[PDB]
């Protein structure tokens, strides 16, 4: 792992994770990029060096540190034209922030167009030397991070606007496309008798994945950086951008066992060993498993998750017992997504720069109809009713700068004002189940924070809004470095083909 103080060099390279060679966006030579790690309390100084040369995958870039509150450092959050102008090619920029009050499993990714889909994405872990779950496992390290990624043989800007699924699911950066079932698979080495904290991170641009391990159950103890009550399951459906820690007891027979991550669409199942990797106990031969999959009889259900430590829900025990309730009505017209009649188009001047330049009201802020001004020190409820009007369901919505209470989960008609799980990416379910997924949070974090579908192609088609939280305090609370002030002039000076 690198960090907390590190250079991250962004370049274009040839990679072949599934044996097919293509140009991708890589981080210190690799994709998924390297694990960034620190401890709770750390200051991170992550120097992002943009040495990109390929305009099709974008020569400019911007990195988001997914799940971090970034309190007082809203300028470092990453979304292009919300929190900064992109870094320009040939330049570097220092993201410099603290993580005083969080620990768990995160990730980092480009937040410029669909560039993370082209490879700029990797895992990010913040350890707790007082982790309340430490008694449950023996091993937690670089090799117990498990990444899932959808991989495409055509680049983001070159294929369909809304791809019908990936060529290959990669697990720790390797996997098979169904045409070449010879390509090397990832191996996750375990040792009989040891308990492992596996940190499962979905780096997905689009599909969700139903993750299982032949012969083993999984005890979930963390959900998107929030410590849970331990929950034993035999399969986990994990949506783009979500994270779970699970404990795996390596107390079965020394052998090879299939690791399975079946996407919701694209190449499904496991023929040829697609959608798979290998759990190899030490001593087992260097061969593919021959285990078979059994029916999941205890699948994860989000409603079954609860915080480890009692965490009151923001507001009061009633539908709309909050200071401000916002409903998000979805639409789609074949090319673009809309929220409450507005398809997001990034503004010329980043929302944060507009605020620092005096714009504190929805009337003054751009894009018009896409920015919701929130009062300070208030409870907020947001509902995302599933509708046939928004194909590509279930949409995993993400709120930057906050961890929220999921008061109503997909596939559940029930509202939990008592002990609902908190997380930062939530499936908004389907119109088939009449879902009306609802979240709550408190506005104690001044700044503009993106709220958007985490299917990158949908974000790109406009499926986003901005929550402009406590705009009158943004300037005082988030002092900006000169390097940040320099971004927009430099970017705006670029030829459009060097963007």
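Residue numbers count along the first chain shown, from 1.
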Taking the recorded C-alpha temperature factors, which stretch has the higher mean, 208-216 or 279-287? 279-287
Which is higher on average in the deposited entry, the C-alpha temperature factors of 105-113 or of 242-250? 242-250
95, 81, 196, 124, ranked by C-alpha B-factor: the highest one: 196
The largest CA temperature factor among 91, 402, 298, 398 is found at 298
If you rank every modelled residue in this chain by C-alpha B factor, which third holds residue 422: lowest, middle or highest? lowest
What third of the chain does residue 142 rank in for C-alpha temperature factor, lowest, middle or highest? highest
Chain-wide C-alpha B factor ranking for residue 293, given as lowest, middle or highest third: highest
Quick check for you: using the entry's CA B-factors within this chain, is residue 60 in the lowest, middle or highest third? lowest
Quick check for you: using the entry's CA B-factors within this chain, is residue 347 in the lowest, middle or highest third? lowest
